[PDB]
Protein chains: 2
Amino acid sequence: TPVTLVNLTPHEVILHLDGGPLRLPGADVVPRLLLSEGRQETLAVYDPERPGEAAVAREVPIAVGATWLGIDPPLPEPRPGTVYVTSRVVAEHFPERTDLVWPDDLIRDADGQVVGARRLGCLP
Amino acid sequence: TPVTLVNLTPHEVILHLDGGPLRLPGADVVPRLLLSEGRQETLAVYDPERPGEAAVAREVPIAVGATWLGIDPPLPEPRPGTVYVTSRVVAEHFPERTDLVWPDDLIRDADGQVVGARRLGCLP
């Protein structure tokens, strides 16, 4: 009746729990999110050092509507009694999957590094 | 006809552009996203060091459906000829606002620090 957590992130997940820490090793892969280059446009922007002067304004690339296509190593298929630890953004893109969670309520150290998650998160 | 960019992030934005770099100073504030604690539940999880043994499984807090309420310093009102630089997540939560952009196509240094954005992004 308990589940096996499977870490699909490249980083060790440390869960800070009442019973003491629980470590999920990172996965031996480099996940790539498969984005699509949106419509490439331009935006004229004042130089902050020359706020009034349109003459020296810059033309700034603006990518309208960068879209998601999937993930480069695909998600494993569901397996009874398995829960997959991924990112929130990956979970948000597969709302139909109730077996996806992400680390949440993070603990950072003095150098700003995550050293623990106090809980998991999931969609409604 | 050019726009003033206003940085609503706490960090300097460096735009890496064909005409040379463009720096937007960070804003003098600490933005807080106003989340709501979702429904707090529990999930029994095997100890990875004891994969078969339900006896020593852990009960892991799982927050179901953490929801957005807004932002702690509210967004400025729209102003003709002003474009606001925020995060993608903030932009995604205000789809009706066409004056919100985020830094995109980031350049990292050897220590992994963002040292430039090659473009801006915005919603459809």
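Residues numbered from 1 in each chain as written, not as in the entry; some residues may be left out. Chains lettered and ligands numbered in written order. Heavy atoms only, no water. Residues with missing side-chain atoms left out of burial classes, pairs and counts.

Deposited coordinates in this entry are attributed by the record to X-ray crystallography, at a stated resolution of 2.340 Å.

**Q** Report on the overall build of chain A, specifying residues and quantitative values.
**A** A count of helices and strands for chain A gives 1 helix and 10 strands. Compactness check: chain A gives a C-alpha radius of gyration of 21 Å against a globular reference of 14 Å for 124 residues, more than 25% above the reference. A fraction of 36% describes how many contacts in chain A between residues 6 or more apart in sequence connect residues 24 or more apart. (Helix = DSSP H or I, 4+ residues; strand = E, 2+ residues; numbered from the N terminus. Rg over C-alpha atoms; globule rule 2.2 N^0.38 Å. Contact = heavy atoms within 4.5 Å.)

**Q** So, the interface of chain B and chain A: which residues are in play, and what are the values?
**A** Opposite the 36 residues of chain B that make contact, chain A presents 36 residues. Taking both partners together, chain B and chain A bury about 3,200 Å²; carbon and sulfur atoms supply 67% of that area. Of all residues in chain B, the largest losses of buried area upon contact with chain A belong to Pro2, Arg58 and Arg119 of chain B, amounting jointly to 18% of the total for that side. Between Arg119 of chain A and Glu37 of chain B there is a salt bridge, and its shortest N-O distance comes to 3.3 Å. Inspection of the region where chain B meets chain A yields 20 residue pairs in polar contact. At the level of elements, β1 (4-7), β3 (22-24), β5 (39-45), β6 (58-64) and β10 (114-122) of chain B are the ones that each hand at least two residues to the side of chain B that touches chain A. Residue contributions to the side of chain B that touches chain A peak at 6 residues, all from β6 of chain B. One ladder, built from 3 bridges, connects strand β10 (residues 114-122) of chain A with β6 of chain B; its direction is parallel. (Buried area = accessible area lost by both parts, 1.4 Å probe. Salt bridge = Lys/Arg side-chain N within 4 Å of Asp/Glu carboxyl O. Polar contact = N/O pair within 3.5 Å; in protein donor to acceptor, adjacent residues only side chain to side chain. Pairing = 2+ DSSP bridges.)

**Q** Which residues make up the packing of aromatic side chains, and what are the values?
**A** Two aromatic rings are characterised by how far apart their centres lie and by the angle between their planes. Residues and elements named next belong to chain A. Taken as a whole and assessed by the stated rule, the structure comprises 2 aromatic pairs over all chains. Here the aromatic rings of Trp68 and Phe94 are separated by 6.2 Å at their centres, their planes lie at 80°, and the arrangement is edge-to-face. Within this pair, whereas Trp68 is found in strand β7 (residues 67-71), its partner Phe94 is found in the loop between α1 (88-93) and β9 (100-108), the two being separated by 26 residues in sequence. Residue classification places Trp68 among the partly exposed positions, given a relative accessible area of 21%. According to the relative accessible area criterion, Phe94 is buried, its value standing at 18%. (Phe/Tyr/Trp six-rings, centres within 6.5 Å; stacked < 30°, edge-to-face > 60°. Buried < 20%, exposed > 50% of the residue type's maximum accessible area, 1.4 Å probe, protein only.)

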